[PDB]
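Everything below concerns the one structure shown next.
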Amino acid sequence: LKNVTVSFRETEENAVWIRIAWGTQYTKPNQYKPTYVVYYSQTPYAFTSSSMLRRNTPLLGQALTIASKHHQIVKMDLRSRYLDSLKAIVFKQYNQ
Amino acid sequence: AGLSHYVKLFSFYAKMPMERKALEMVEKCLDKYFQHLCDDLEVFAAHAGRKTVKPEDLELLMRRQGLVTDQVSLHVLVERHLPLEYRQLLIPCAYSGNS
Amino acid sequence: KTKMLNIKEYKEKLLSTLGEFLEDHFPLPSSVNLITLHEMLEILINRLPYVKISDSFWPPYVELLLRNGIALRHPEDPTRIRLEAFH
Amino acid sequence: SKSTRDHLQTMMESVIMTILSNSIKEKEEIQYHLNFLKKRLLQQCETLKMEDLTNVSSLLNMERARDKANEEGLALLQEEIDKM
Amino acid sequence: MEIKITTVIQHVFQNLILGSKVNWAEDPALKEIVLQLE
Amino acid sequence: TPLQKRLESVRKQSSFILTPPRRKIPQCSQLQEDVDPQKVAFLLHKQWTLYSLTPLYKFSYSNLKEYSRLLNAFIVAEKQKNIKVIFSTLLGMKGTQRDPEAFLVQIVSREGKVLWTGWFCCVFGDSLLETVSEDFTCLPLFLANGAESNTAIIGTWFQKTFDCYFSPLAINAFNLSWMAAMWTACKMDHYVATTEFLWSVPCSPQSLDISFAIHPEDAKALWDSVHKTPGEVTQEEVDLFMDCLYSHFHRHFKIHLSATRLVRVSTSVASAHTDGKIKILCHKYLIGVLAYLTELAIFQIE
Amino acid sequence: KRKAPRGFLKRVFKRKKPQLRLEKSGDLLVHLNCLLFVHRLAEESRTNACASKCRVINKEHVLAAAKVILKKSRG
Amino acid sequence: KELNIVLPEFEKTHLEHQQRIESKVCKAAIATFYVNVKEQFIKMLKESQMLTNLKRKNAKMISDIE
Amino acid sequence: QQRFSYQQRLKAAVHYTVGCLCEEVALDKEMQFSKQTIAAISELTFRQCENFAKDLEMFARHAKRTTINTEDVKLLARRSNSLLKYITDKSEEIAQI
Amino acid sequence: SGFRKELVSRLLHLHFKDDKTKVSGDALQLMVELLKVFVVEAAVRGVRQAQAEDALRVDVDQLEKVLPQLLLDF
DNA sequence: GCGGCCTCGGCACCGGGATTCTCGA
DNA sequence: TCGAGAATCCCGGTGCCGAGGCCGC
């Protein structure tokens, strides 16, 4: 995806807040509907804004799992609107 | 005063809410409008060779502003915007005593 | 039929006065006497028209029956006149 | 496509402008040729974009140059990736 | 089709003995023709 | 006869004498006469917000232009407090020949951007025709779909000029379950959408909603399990279909769905809500779905 | 607003330029000129607002309006 | 396709105008107008080539995606 | 016919002399005027020469006069400051002739 | 060179709505000047908005964007 | 701190992307 | 058998009316 505006923001909770504006080589990067990816820094779990689920989603996971030195990216199939609750669930951080 | 009259009339002429900061700049627009007009009436009345500014001295100017045409003459333009007691002074009515 | 004759005589009252009192107005310097100019407007509105004078002359007169509300200018092409549609 | 061929014949009329600038000595004769050009209108338009055509086509040609660059880059980096 | 002319010529008497130099009601002819009954 | 017949009807209705309406499965309603294919097809997949409309006094299906102007000049005046109003008789949205012909009210904005598209229909509503006098052209159903603001303006105009009153038709979960059952009993093919039942549990602090969406062919085979008498569906058959849903949901999630209330029953025939924004008309059964809807509107009027 | 100030336009025509002889109702013509100039301002500023799709007229639309209409209204 | 028939009609139109021509300078003006019409037909052929290049881009908008 | 032979012949004359002007002004800023560019600027000269003729006639009518003199075109030059300054010196050069 | 005398007589007199109005050679050569600077001004405004876009060609659209201030100004 | 004013936002109806599955290289 | 085109299931990304806030009397 040669024309993308990837903008990171290392938050203070130690979780890089990637934002990706997509666009193929034929088009300019589209900032109308970006795909924010909240990758917790050294965590195997990397939240993702389920914007459109295009052909970039298997490239979103692929780039995520190759940037962080992992090998397999799996959609957990956890899909919630409350990221502050997904953070609790996937980390078991809510009852502790 | 009169500039405040026109900015208030702007409200009922733009049919849409604006900002006061827009109004003091349209005040400079009216000030420059006169800064072009009163010396445009100056030069047009001098072009006619007359010291005073007769109504036809301004009809030519409004022809310059493209608002008087062969379709829209001077007097018809008075119909559409000026009130009756004011156009009674401008466009000649008839009583066998046309104004 | 009685209402027909009554309305007809009311018409010959109004129009007789339109001949008489309009000599208090009375024509002056083709122009077209305001009786004739008015009745040319009135004939046109009777069957519809928006032109009705195609800018009849003596401009003091054409704008006379415009300020009092007798006639109306065409809202788009203001060289043609209509008689305000009192119908 | 009526307005498009009206722009065609305005280019025709610009060329007419040019010839009349160069000719100017055939006034009745180019009256005749403007006559045959007007019935040429009546023969083509009656029977039957361009600035967007030319400009957008040049823009899209630069776009296809950019696309060939995209294929050069992506395909070659795919050759290197699958070479790995 | 005649009263519709009699409601047109009538209302151009309410608009001609108004806009002109009328001296409308200080006259005994017009006073019965002006104030035209509907 | 002119009123006392309606009083006796009110007596019969309030008596509540053994109601269970064994209803005929909505029969394939071959589009009667004209039924403008473009218009009706435009009117199908639109989410009509139902209302109950009392009979219109002094209405006539000849003076459509006069009402169109009278309402157009009223809507744009409510903007003073760009729009065209096209009253259009539908010519075929009627159950029997004696029903009043359904007519539309469309807020057409330049192009044909139909903002509101009202719809009054009276199909198989001969429980109201035989009780009201001739002066009233009764159309119990009113169909909105435009914004609620424009509906609450055209409704006011209709109250002002026709003495008709719009109660927002609310299909109770009982009637909702009924229609959810007779629509999976239909003889259709190529099911457009899954048979979804949007439940909504009555919890006081929270408002959990359930979408018990069944595969449309799978619900037809489940309906055939509880369908024994053909031609007409009974209240017990409807309740057994709904209880097979209950015993497939409480079986799975251990929460008694029967303790909840239906709020929306999407079906391949026609979606149907509760709060009013009810009738989507996916298939061309709309003379039967509208038959049920008008029969329900009589219940509210009468 | 249904007014046209007799005094204000005359005072402006005298303050700005001290040497003229504007006729009995010539200031009424000046008011008509300004009325139509502000008409053009209002309409072309509405066009400017739709150009940026701003639902309120602001400074950045009026300044663009001025350089078109004020220059156009020059004799 | 239709461009060849249009060019043939334009040449036939120029030939018919030359059949009714009156002078040698008028023939030169007609030849210049025919060259202008050839330029217009070249613009039409450039529009056809732009359609072909847009088809290539559509293939190029899928090959790159592939 | 006569309207066409009138305005097309002067469209030709305008294009011819304006093309001479195009070669005369293209040498300043090393520019080239394309065929449609010349065709446009010629017809704007034509269309706004209509405007100048509309203005200039009523300019003479304004001074209760039938002929067009230098003050009329000075009022035509009244429009813009930059060409007020340009036309002032070009007008004193007119008076030199 | 310029826009000559027998052509400036003819072009201006075409738009003349009456036959009895003439423009003198003293004013005629100045009319030559004012429309010559019509070409000069339209061309300089076009090439100025061209360097503003940094072009080596004056295209169709540049002239169309210069009319809203060309006809307004000139 | 209220009176007619205004501005976010849940719900919901209408507009393209990828999966079905039919047809051509 | 397979490759591009169309339609349509799945859920957006948008449109648009009540709720909350807010400034004279």
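By order in the structure tokens, chains are A, B, ...; within a chain, residues start at 1; ligands start at 1, following the order shown.
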**OP:** Considering only C-alpha atoms (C1' of nucleotides), return as a list in words whatever protein or nucleic-acid residues lie within 12 Å of residue 1 in chain E, sequence-local ones (same chain, fewer than 4 positions apart) excluded.
**Re:** residues 4, 7, 8, 46, 47 and 87 of chain C; 5, 6, 7 and 8 of chain E
Would you mind listing what lies within 9 Å of range 11-25 of chain A as an mmCIF file with C-alpha atoms, in the first residue's frame, with only C-alpha atoms (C1' of nucleotides) counted and same-chain residues fewer than 5 positions away left out?
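Written file, selection.cif:
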data_model
loop_
_atom_site.group_PDB
_atom_site.id
_atom_site.type_symbol
_atom_site.label_atom_id
_atom_site.label_comp_id
_atom_site.auth_asym_id
_atom_site.auth_seq_id
_atom_site.Cartn_x
_atom_site.Cartn_y
_atom_site.Cartn_z
ATOM 1 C CA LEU A 1 0.000 0.000 0.000
ATOM 2 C CA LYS A 2 2.474 2.553 -1.302
ATOM 3 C CA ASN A 3 0.196 5.555 -0.614
ATOM 4 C CA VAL A 4 -0.761 5.436 3.067
ATOM 5 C CA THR A 5 -0.366 8.022 5.819
ATOM 6 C CA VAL A 6 0.538 5.927 8.844
ATOM 7 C CA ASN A 30 -8.010 8.292 2.019
ATOM 8 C CA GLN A 31 -8.275 10.081 5.359
ATOM 9 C CA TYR A 32 -12.083 10.005 5.212
ATOM 10 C CA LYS A 33 -12.233 6.468 6.651
ATOM 11 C CA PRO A 34 -8.961 5.605 8.408
ATOM 12 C CA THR A 35 -8.233 2.345 10.252
ATOM 13 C CA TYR A 36 -6.890 3.132 13.708
ATOM 14 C CA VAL A 37 -4.905 0.245 15.164
ATOM 15 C CA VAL A 38 -4.262 0.304 18.904
ATOM 16 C CA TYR A 39 -1.283 -2.017 19.202
ATOM 17 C CA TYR A 40 -0.287 -2.567 22.803
ATOM 18 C CA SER A 41 3.432 -2.276 22.643
ATOM 19 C CA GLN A 42 4.755 -5.731 23.560
ATOM 20 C CA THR A 43 1.378 -7.472 23.758
ATOM 21 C CA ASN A 56 -5.985 -4.385 3.544
ATOM 22 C CA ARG D 66 2.570 6.371 -11.978
ATOM 23 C CA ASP D 67 0.824 2.982 -12.238
ATOM 24 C CA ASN D 70 3.656 1.144 -9.032
ATOM 25 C CA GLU D 71 3.876 -2.150 -10.879
ATOM 26 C CA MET H 61 -6.120 -0.796 -11.646
ATOM 27 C CA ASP H 64 -1.758 -3.650 -9.417
ATOM 28 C CA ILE H 65 -4.497 -4.795 -7.034
#
**OP:** Please report as an MDAnalysis selection string which residues of chain B come no farther than 12 Å from chain E, using only C-alpha atoms.
**Re:** chainID B and resid 84 88 93:98
Subject >> Contacts of residue 19 in chain L at 12 Å (only C-alpha atoms (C1' of nucleotides); same-chain gap of 3+ positions) as a list in words >> reply: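 Listing them by chain and then by number gives residues 6, 7, 8, 9 and 10 of chain K.
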Residues from the last selection, N, CA, C and O atoms (P, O5', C5', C4', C3', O3' and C1' of nucleotides), saved as a CSV table (one decimal), in the first residue's frame:
chain,number,residue,atom,x,y,z
K,6,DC,P,-31.1,30.2,17.2
K,6,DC,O5',-30.0,29.1,17.7
K,6,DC,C5',-28.7,29.5,18.1
K,6,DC,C4',-28.0,28.5,18.9
K,6,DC,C3',-27.6,27.2,18.2
K,6,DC,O3',-26.2,27.4,17.8
K,6,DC,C1',-28.8,26.6,20.2
K,7,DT,P,-25.6,26.4,16.7
K,7,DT,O5',-25.1,25.1,17.6
K,7,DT,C5',-24.4,25.3,18.8
K,7,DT,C4',-24.3,24.0,19.6
K,7,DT,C3',-23.5,22.9,18.9
K,7,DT,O3',-22.7,22.2,19.8
K,7,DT,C1',-25.7,22.2,19.5
K,8,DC,P,-21.7,21.1,19.3
K,8,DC,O5',-22.2,19.8,20.0
K,8,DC,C5',-21.6,18.5,19.7
K,8,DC,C4',-22.2,17.4,20.6
K,8,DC,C3',-22.0,16.0,20.1
K,8,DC,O3',-22.1,15.1,21.2
K,8,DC,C1',-24.2,16.6,19.9
K,9,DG,P,-21.4,13.7,21.1
K,9,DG,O5',-22.5,12.7,21.6
K,9,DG,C5',-23.8,13.2,22.0
K,9,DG,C4',-24.9,12.3,21.4
K,9,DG,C3',-24.4,11.1,20.6
K,9,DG,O3',-25.1,9.9,20.9
K,9,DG,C1',-25.8,12.3,19.3
K,10,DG,P,-24.4,8.5,21.1
K,10,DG,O5',-25.6,7.5,21.1
K,10,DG,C5',-26.6,7.4,22.1
K,10,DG,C4',-27.9,7.1,21.6
K,10,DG,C3',-28.0,5.8,20.8
K,10,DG,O3',-29.2,5.1,21.0
K,10,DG,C1',-28.7,7.6,19.5
Subject >> Polymer residues at most 8 Å from residue 57 in chain G, only C-alpha atoms (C1' of nucleotides), same-chain spacing of 5 or more positions, as a VMD selection string >> reply: (chain B and resid 16 to 19 22) or (chain G and resid 45 to 46 49 62)
Output file for the residues above (N, CA, C and O atoms, as an mmCIF file, in the first residue's frame):
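The resulting file, out_35.cif, is reproduced below:
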data_model
loop_
_atom_site.group_PDB
_atom_site.id
_atom_site.type_symbol
_atom_site.label_atom_id
_atom_site.label_comp_id
_atom_site.auth_asym_id
_atom_site.auth_seq_id
_atom_site.Cartn_x
_atom_site.Cartn_y
_atom_site.Cartn_z
ATOM 1 N N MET B 16 -29.622 35.270 6.339
ATOM 2 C CA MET B 16 -28.767 34.259 6.942
ATOM 3 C C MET B 16 -27.853 34.886 7.992
ATOM 4 O O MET B 16 -27.259 35.945 7.752
ATOM 5 N N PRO B 17 -27.743 34.279 9.175
ATOM 6 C CA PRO B 17 -26.975 34.905 10.259
ATOM 7 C C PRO B 17 -25.488 34.987 9.946
ATOM 8 O O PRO B 17 -24.886 34.041 9.432
ATOM 9 N N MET B 18 -24.892 36.124 10.296
ATOM 10 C CA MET B 18 -23.476 36.387 10.098
ATOM 11 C C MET B 18 -22.846 36.810 11.422
ATOM 12 O O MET B 18 -23.452 36.692 12.492
ATOM 13 N N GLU B 19 -21.617 37.309 11.346
ATOM 14 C CA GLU B 19 -20.854 37.698 12.520
ATOM 15 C C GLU B 19 -20.670 39.209 12.559
ATOM 16 O O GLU B 19 -20.637 39.875 11.522
ATOM 17 N N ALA B 22 -17.729 40.327 10.849
ATOM 18 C CA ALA B 22 -18.023 40.552 9.440
ATOM 19 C C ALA B 22 -18.600 41.944 9.206
ATOM 20 O O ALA B 22 -18.307 42.566 8.178
ATOM 21 N N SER G 45 -22.153 36.819 -1.303
ATOM 22 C CA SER G 45 -21.631 36.260 -0.065
ATOM 23 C C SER G 45 -22.336 34.963 0.293
ATOM 24 O O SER G 45 -21.721 34.067 0.870
ATOM 25 N N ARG G 46 -23.621 34.842 -0.037
ATOM 26 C CA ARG G 46 -24.290 33.551 0.075
ATOM 27 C C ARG G 46 -23.633 32.533 -0.847
ATOM 28 O O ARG G 46 -23.431 31.371 -0.470
ATOM 29 N N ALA G 49 -20.453 31.562 0.838
ATOM 30 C CA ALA G 49 -20.732 30.614 1.909
ATOM 31 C C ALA G 49 -20.971 29.217 1.363
ATOM 32 O O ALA G 49 -20.493 28.239 1.943
ATOM 33 N N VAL G 62 -16.548 37.375 3.488
ATOM 34 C CA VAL G 62 -16.743 38.788 3.196
ATOM 35 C C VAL G 62 -15.533 39.415 2.516
ATOM 36 O O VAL G 62 -15.705 40.251 1.619
#
Per residue of chain G within 12 Å of chain I, note the shortest atom pair and the distance in Å to one decimal, counting only C-alpha atoms, and order the rows by chain and increasing residue number, as CSV.
residue,atom,partner,partner_atom,distance
G:71,CA,I:80,CA,8.8
G:72,CA,I:79,CA,9.4
G:73,CA,I:79,CA,10.1
G:74,CA,I:79,CA,6.9
G:75,CA,I:79,CA,6.1
Limited to N, CA and C atoms, could you put the picked residues into a file as a short mmCIF file (atom, residue, chain, number, x, y, z; two decimals), in the first residue's frame?
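As written to disk, selection-v9.cif reads:
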data_model
loop_
_atom_site.label_atom_id
_atom_site.label_comp_id
_atom_site.auth_asym_id
_atom_site.auth_seq_id
_atom_site.Cartn_x
_atom_site.Cartn_y
_atom_site.Cartn_z
N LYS G 71 -15.16 46.14 -6.32
CA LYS G 71 -14.52 46.48 -7.58
C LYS G 71 -15.53 46.53 -8.72
N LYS G 72 -16.49 45.61 -8.74
CA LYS G 72 -17.52 45.61 -9.77
C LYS G 72 -18.40 46.86 -9.68
N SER G 73 -18.75 47.27 -8.47
CA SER G 73 -19.61 48.43 -8.27
C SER G 73 -18.89 49.75 -8.52
N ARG G 74 -17.59 49.73 -8.77
CA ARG G 74 -16.89 50.93 -9.17
C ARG G 74 -17.36 51.38 -10.56
N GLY G 75 -17.58 52.68 -10.69
CA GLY G 75 -18.01 53.24 -11.96
C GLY G 75 -16.87 53.37 -12.95
#
**OP:** Could you find all residues in range 5-58 of chain J that DSSP calls helix (DSSP H, G or I) from the backbone, and write them as a PyMOL selection string?
**Re:** chain J and resi 5-15+25-53
Resulting file, chosen residues, C-alpha atoms, as a compact mmCIF listing (two decimals), in the first residue's frame:
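Listed below is the output, result_5.txt:
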# COMPACT_ATOMS: atom_id res chain seq x y z
CA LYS J 5 -7.73 52.79 -38.95
CA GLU J 6 -10.09 51.31 -41.55
CA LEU J 7 -10.53 48.34 -39.22
CA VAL J 8 -11.12 50.38 -36.06
CA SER J 9 -13.73 52.39 -37.95
CA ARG J 10 -15.47 49.21 -39.06
CA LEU J 11 -15.33 47.13 -35.86
CA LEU J 12 -16.57 49.87 -33.53
CA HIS J 13 -19.23 50.99 -36.01
CA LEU J 14 -20.64 47.46 -36.15
CA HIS J 15 -21.73 47.60 -32.49
CA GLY J 25 -9.20 59.51 -35.51
CA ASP J 26 -7.86 61.27 -32.44
CA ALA J 27 -10.14 59.04 -30.37
CA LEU J 28 -9.84 56.16 -32.86
CA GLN J 29 -6.11 55.64 -32.32
CA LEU J 30 -6.68 55.82 -28.57
CA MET J 31 -9.37 53.14 -28.99
CA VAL J 32 -6.70 51.14 -30.81
CA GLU J 33 -4.57 51.67 -27.72
CA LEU J 34 -7.27 50.68 -25.23
CA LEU J 35 -8.11 47.40 -26.93
CA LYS J 36 -4.43 46.76 -27.67
CA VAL J 37 -3.92 46.97 -23.93
CA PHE J 38 -7.03 44.82 -23.67
CA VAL J 39 -4.94 42.12 -25.33
CA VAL J 40 -1.87 43.16 -23.32
CA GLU J 41 -3.74 43.22 -20.00
CA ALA J 42 -5.70 40.01 -20.56
CA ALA J 43 -2.48 38.31 -21.69
CA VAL J 44 -0.42 39.63 -18.77
CA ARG J 45 -3.11 38.65 -16.27
CA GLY J 46 -3.29 35.19 -17.83
CA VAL J 47 0.46 34.67 -17.83
CA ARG J 48 0.61 36.11 -14.32
CA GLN J 49 -1.83 33.54 -13.01
CA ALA J 50 0.22 31.14 -15.16
CA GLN J 51 3.44 31.76 -13.23
CA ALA J 52 1.15 31.61 -10.20
CA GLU J 53 0.55 28.05 -11.42
Original post:
How many Å lie between CA of residue 74 in chain J and CA of residue 41 in chain I, rounded to one decimal?
Top reply: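 One can read the CA of residue 74 in chain J to CA of residue 41 in chain I distance as 12.9 Å.
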Subject >> Shell of 9 Å around range 60-67 of chain B, only C-alpha atoms (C1' of nucleotides), local chain residues under 3 positions omitted, as a VMD selection string >> reply: (chain B and resid 37 40 to 41 44 56 to 57 72 to 74 77) or (chain G and resid 33 36 72 to 75) or (chain I and resid 55 58 to 59 62)
Enumerate, in order of chain and increasing residue number, the residues of chain B with an atom no farther than 7 Å from chain I, each with its shortest atom pair and distance in Å to one decimal, counting only C-alpha atoms, as a tab-separated table.
residue	atom	partner	partner_atom	distance
B:47	CA	I:63	CA	6.3
B:48	CA	I:63	CA	3.9
B:49	CA	I:63	CA	6.6
Export of prior selection with C-alpha atoms as a PDB file, in the first residue's frame:
ATOM      1  CA  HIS B  47     -18.199  64.485 -17.444  1.00  0.00           C
ATOM      2  CA  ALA B  48     -21.659  65.965 -18.028  1.00  0.00           C
ATOM      3  CA  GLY B  49     -20.141  69.396 -17.370  1.00  0.00           C
TER       4      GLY B  49
END
Original post:
What is the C1' of residue 16 in chain L-CA of residue 283 in chain F distance in Å, reported with one decimal?
Top reply: 28.1 Å
**OP:** Go ahead and compute the interatomic distance for CA of residue 38 in chain C and CA of residue 99 in chain B, in Å to one decimal.
**Re:**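 About the pair CA of residue 38 in chain C and CA of residue 99 in chain B: they are 20.6 Å apart.
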Original post:
Which residues come within 12 Å of residue 19 in chain G, counting only C-alpha atoms (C1' of nucleotides), excluding same-chain residues fewer than 3 positions away, as a PyMOL selection string?
Top reply: (chain B and resi 38-39+41-43+45-46+51-53) or (chain G and resi 13-16+22)
Write out the residues from the selection above, keeping N, CA, C and O atoms, as a PDB file, in the first residue's frame.
ATOM      1  N   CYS B  38     -18.604  58.565  -4.406  1.00  0.00           N
ATOM      2  CA  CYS B  38     -18.736  60.008  -4.341  1.00  0.00           C
ATOM      3  C   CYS B  38     -17.725  60.695  -5.230  1.00  0.00           C
ATOM      4  O   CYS B  38     -17.967  61.822  -5.650  1.00  0.00           O
ATOM      5  N   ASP B  39     -16.599  60.042  -5.534  1.00  0.00           N
ATOM      6  CA  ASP B  39     -15.734  60.541  -6.594  1.00  0.00           C
ATOM      7  C   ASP B  39     -16.042  59.910  -7.946  1.00  0.00           C
ATOM      8  O   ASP B  39     -15.476  60.341  -8.955  1.00  0.00           O
ATOM      9  N   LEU B  41     -19.528  59.664  -8.756  1.00  0.00           N
ATOM     10  CA  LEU B  41     -20.431  60.776  -9.017  1.00  0.00           C
ATOM     11  C   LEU B  41     -19.689  62.066  -9.317  1.00  0.00           C
ATOM     12  O   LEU B  41     -20.117  62.809 -10.202  1.00  0.00           O
ATOM     13  N   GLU B  42     -18.590  62.344  -8.610  1.00  0.00           N
ATOM     14  CA  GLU B  42     -17.768  63.510  -8.928  1.00  0.00           C
ATOM     15  C   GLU B  42     -17.375  63.518 -10.398  1.00  0.00           C
ATOM     16  O   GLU B  42     -17.693  64.461 -11.134  1.00  0.00           O
ATOM     17  N   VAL B  43     -16.695  62.463 -10.845  1.00  0.00           N
ATOM     18  CA  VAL B  43     -16.173  62.437 -12.205  1.00  0.00           C
ATOM     19  C   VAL B  43     -17.279  62.314 -13.246  1.00  0.00           C
ATOM     20  O   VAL B  43     -17.133  62.841 -14.351  1.00  0.00           O
ATOM     21  N   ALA B  45     -20.461  63.557 -12.952  1.00  0.00           N
ATOM     22  CA  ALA B  45     -21.069  64.877 -13.048  1.00  0.00           C
ATOM     23  C   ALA B  45     -20.141  65.864 -13.735  1.00  0.00           C
ATOM     24  O   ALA B  45     -20.607  66.735 -14.479  1.00  0.00           O
ATOM     25  N   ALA B  46     -18.831  65.751 -13.502  1.00  0.00           N
ATOM     26  CA  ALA B  46     -17.883  66.557 -14.258  1.00  0.00           C
ATOM     27  C   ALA B  46     -17.871  66.182 -15.733  1.00  0.00           C
ATOM     28  O   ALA B  46     -17.636  67.049 -16.580  1.00  0.00           O
ATOM     29  N   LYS B  51     -22.049  71.105 -12.378  1.00  0.00           N
ATOM     30  CA  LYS B  51     -21.573  71.108 -10.999  1.00  0.00           C
ATOM     31  C   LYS B  51     -22.388  70.172 -10.118  1.00  0.00           C
ATOM     32  O   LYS B  51     -21.819  69.452  -9.288  1.00  0.00           O
ATOM     33  N   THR B  52     -23.707  70.165 -10.280  1.00  0.00           N
ATOM     34  CA  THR B  52     -24.573  69.326  -9.471  1.00  0.00           C
ATOM     35  C   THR B  52     -24.642  67.913 -10.041  1.00  0.00           C
ATOM     36  O   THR B  52     -24.204  67.639 -11.161  1.00  0.00           O
ATOM     37  N   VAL B  53     -25.206  67.008  -9.246  1.00  0.00           N
ATOM     38  CA  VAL B  53     -25.362  65.609  -9.622  1.00  0.00           C
ATOM     39  C   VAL B  53     -26.844  65.359  -9.856  1.00  0.00           C
ATOM     40  O   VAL B  53     -27.590  65.050  -8.919  1.00  0.00           O
TER      41      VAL B  53
ATOM     42  N   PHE G  13     -22.001  62.046   2.250  1.00  0.00           N
ATOM     43  CA  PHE G  13     -21.649  62.702   1.000  1.00  0.00           C
ATOM     44  C   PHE G  13     -20.989  64.054   1.214  1.00  0.00           C
ATOM     45  O   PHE G  13     -20.214  64.487   0.354  1.00  0.00           O
ATOM     46  N   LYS G  14     -21.279  64.730   2.323  1.00  0.00           N
ATOM     47  CA  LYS G  14     -20.593  65.976   2.637  1.00  0.00           C
ATOM     48  C   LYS G  14     -19.275  65.765   3.371  1.00  0.00           C
ATOM     49  O   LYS G  14     -18.320  66.511   3.128  1.00  0.00           O
ATOM     50  N   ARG G  15     -19.201  64.770   4.259  1.00  0.00           N
ATOM     51  CA  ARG G  15     -17.967  64.502   4.988  1.00  0.00           C
ATOM     52  C   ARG G  15     -16.875  64.000   4.054  1.00  0.00           C
ATOM     53  O   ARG G  15     -15.748  64.510   4.068  1.00  0.00           O
ATOM     54  N   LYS G  16     -17.190  62.992   3.235  1.00  0.00           N
ATOM     55  CA  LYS G  16     -16.172  62.400   2.375  1.00  0.00           C
ATOM     56  C   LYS G  16     -15.688  63.375   1.312  1.00  0.00           C
ATOM     57  O   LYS G  16     -14.478  63.576   1.166  1.00  0.00           O
ATOM     58  N   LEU G  22     -25.213  67.594  -4.769  1.00  0.00           N
ATOM     59  CA  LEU G  22     -26.180  66.506  -4.868  1.00  0.00           C
ATOM     60  C   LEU G  22     -27.606  67.037  -4.796  1.00  0.00           C
ATOM     61  O   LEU G  22     -27.943  67.835  -3.918  1.00  0.00           O
TER      62      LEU G  22
END
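Residues of chain D lying within 8 Å of chain H, counting only C-alpha atoms, are residues 8, 12, 15, 16, 19, 23, 26, 29, 30, 33, 36, 40, 50, 53, 54, 57, 60, 61, 64, 67, 70, 71 and 74 of chain D.
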Subject >> Test item: chain K residues at most 12 Å from chain F, counting only C-alpha atoms (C1' of nucleotides), as a list in words >> reply: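 Every residue meeting the condition is included here: residues 11, 12, 13 and 14 of chain K.
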